[PDB]
Amino acid sequence: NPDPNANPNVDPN
Amino acid sequence: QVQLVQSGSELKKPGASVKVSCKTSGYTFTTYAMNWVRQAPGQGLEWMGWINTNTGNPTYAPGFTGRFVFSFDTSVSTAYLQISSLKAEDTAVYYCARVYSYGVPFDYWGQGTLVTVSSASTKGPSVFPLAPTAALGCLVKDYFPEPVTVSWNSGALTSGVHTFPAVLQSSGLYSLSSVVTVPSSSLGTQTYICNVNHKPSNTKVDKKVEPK
Amino acid sequence: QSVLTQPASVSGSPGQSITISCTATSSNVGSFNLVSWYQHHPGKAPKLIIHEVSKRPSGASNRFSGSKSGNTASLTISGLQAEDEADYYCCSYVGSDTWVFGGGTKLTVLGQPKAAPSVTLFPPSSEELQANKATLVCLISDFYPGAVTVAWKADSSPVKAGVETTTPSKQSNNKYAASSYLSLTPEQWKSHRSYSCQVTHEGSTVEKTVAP
């Protein structure tokens with residue numbers, strides 16, 4: 001799974 | 001202080017549209033995703049999807065595809081939920097909720113927006129007496145929509161009163177009862193009147209309940 | 001059919017500790033370390049109380065703890081208190097930037113003795129009969145726990161047709177109450193020798209009868 005500290009609200013490009 | 005404040009209750013007919021708002025404050029709006037969650041009556045929370053406030057892209061969960069639109073307006077830091085082809089089973093409380101991170105989702109929630117979908121139209125109640133320590137009451141029948149408030153003797157009678165929540169009949173109309181327990185010896189001396197108020201129909205009824 | 005399975009209900013008495021399980025039924029949770037829990041009081045927004053399986057945010061009491069063994073995450077509440085009576089939901093990331101909630105668990109705090117329902121049955125009022133309608137009103141009050149079933153009988157045969165029954169709701173005195181309505185034509189009402197309302201509570205039954 002993703003890093004818990006990461007933010008899903010980002011540009012994927 | 002982070003705050004998500006949603007618009008007020010909605011009442012819609014099947015086949016109509018609805019658009020709910022979620023105004024935010026206390027944080028940078030485009031840093032964090034806005035999520036939507038639905039709770040139907042007597043059911044759990046269901047995750048509906050989210051909108052990416054950096055890109056604008058919405059993501060819908062299966063079952064909320066086809067007639068649901070997530071949007072936002074950055075000039076007023078507000079997100080929106082639009083629903084088309086409304087049906088009775090869309091009756092639910094709709095919440096917006098922020099996601100801070102993968103580890104911390106749904107840290108702040110809006111207060112919810114109730115959206116009721118019914119084919120019924122506004123109709124005032126038909127009040128009938130429930131004649132009689134003796135119990136007596138009033139039957140408030142076949143009204144729409146909620147709410148109805150009931151008092152006794154203009155509020156001078158409070159002890160031993162209970163107004164039950166309403167049933168939703170198959171016809172889409174609501175009914176409820178209010179009952180008060182009183183001493184048997186008071187019957188024939190004290191007058192008992194239920195004061196029914198149905199604001200949605202601009203109707204009030206004062207029904208005297210006497211022995212029979 | 002949520003991918004996270006919670007018991008429908010759990011109960012405990014004040015001061016005890018209780019545990020709510022949340023088992024993942026699919027591999028889309030991956031490592032199952034992005035597990036969060038929410039407390040939901042009626043009329044209020046859900047509240048984040050655990051994230052990342054076991055992390056407690058600021059604001060949630062230290063009586064709430066989260067754990068995991070294998071694919072079952074668990075919420076434990078220590079020193080149970082009356083205000084803990086609420087719905088609890090677990091939640092997991094399930095890949096591709098999607099989330100899911102468990103079915104929810106209703107936690108009941110048994111801070112009150114059991115009480116059998118009091119039942120009052122009202123026949124159709126004269127006025128209503130004169131309007132060519134007829135409603136039996138069965139009012140149920142002062143019972144705990146808040147779970148009942150209602151059945152109607154015309155003489156001795158049961159009657160499901162025309163029955164509308166509310167869900168129990170808290171009274172002013174903290175006990176529960178509910179109502180049931182049987183709709184009939186004036187012909188049916190006068191057609192039978194009597195009608196009865198039968199309230200079942202904790203396996204025992206209280207029946208009231210009315211006669212035209």
# chains A, B, ... in the order shown; residues from 1 in each chain; ligands from 1
$ interface_residues --of "chain A" --to "chain C" --cutoff "9 Å" --atoms "only C-alpha atoms" --output "list in words"
residues 1, 2, 4 and 8 of chain A
$ interface_residues --of "chain B" --to "chain C" --cutoff "9 Å" --atoms "only C-alpha atoms" --output "PyMOL selection string"
chain B and resi 43-50+59-61+95+102-112+127-132+135-136+139+162+164-170+176-177+179
$ residues_around --residues "residue A:9" --least-positions-apart "2" --cutoff "7 Å" --atoms "only C-alpha atoms" --output "PyMOL selection string"
(chain A and resi 7) or (chain B and resi 31-33+52-54)
$ write_last_selection --atoms "N, CA and C atoms" --output "short mmCIF file (atom, residue, chain, number, x, y, z; two decimals), in the first residue's frame"
data_model
loop_
_atom_site.label_atom_id
_atom_site.label_comp_id
_atom_site.auth_asym_id
_atom_site.auth_seq_id
_atom_site.Cartn_x
_atom_site.Cartn_y
_atom_site.Cartn_z
N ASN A 7 0.16 12.04 0.53
CA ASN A 7 -1.09 12.73 0.27
C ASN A 7 -1.67 12.24 -1.05
N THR B 31 -4.96 21.71 -1.20
CA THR B 31 -3.96 20.76 -0.74
C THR B 31 -4.57 19.39 -0.45
N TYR B 32 -5.87 19.31 -0.15
CA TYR B 32 -6.45 18.07 0.36
C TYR B 32 -7.70 17.68 -0.42
N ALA B 33 -7.84 16.37 -0.61
CA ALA B 33 -8.97 15.80 -1.34
C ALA B 33 -10.25 15.92 -0.53
N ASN B 52 -10.22 15.26 -6.53
CA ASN B 52 -8.87 15.76 -6.39
C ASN B 52 -8.91 17.27 -6.57
N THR B 53 -8.65 18.01 -5.49
CA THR B 53 -8.69 19.47 -5.53
C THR B 53 -7.41 20.08 -6.08
N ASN B 54 -6.39 19.27 -6.37
CA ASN B 54 -5.25 19.79 -7.11
C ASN B 54 -5.51 19.77 -8.62
#
$ atom_distance --atom1 "atom CA of residue C:176" --atom2 "atom CA of residue C:112"
11.2 Å
$ closest_residue --among "B:198, B:98, B:38, B:204" --to "chain A" --atoms "only C-alpha atoms"
B:98
$ closest_residue --among "B:120, B:34, B:11, B:86" --to "chain A" --atoms "only C-alpha atoms"
B:34
$ closest_residue --among "B:36, B:80, B:100, B:64" --to "chain A" --atoms "only C-alpha atoms"
B:100
$ select_by_dssp --residues "stretch 16-146 of chain C" --states "strand (DSSP E)" --output "number ranges by chain"
C: 18-24, 35-40, 47-50, 64-69, 72-77, 86-93, 99-101, 105-109, 118-122, 134-143
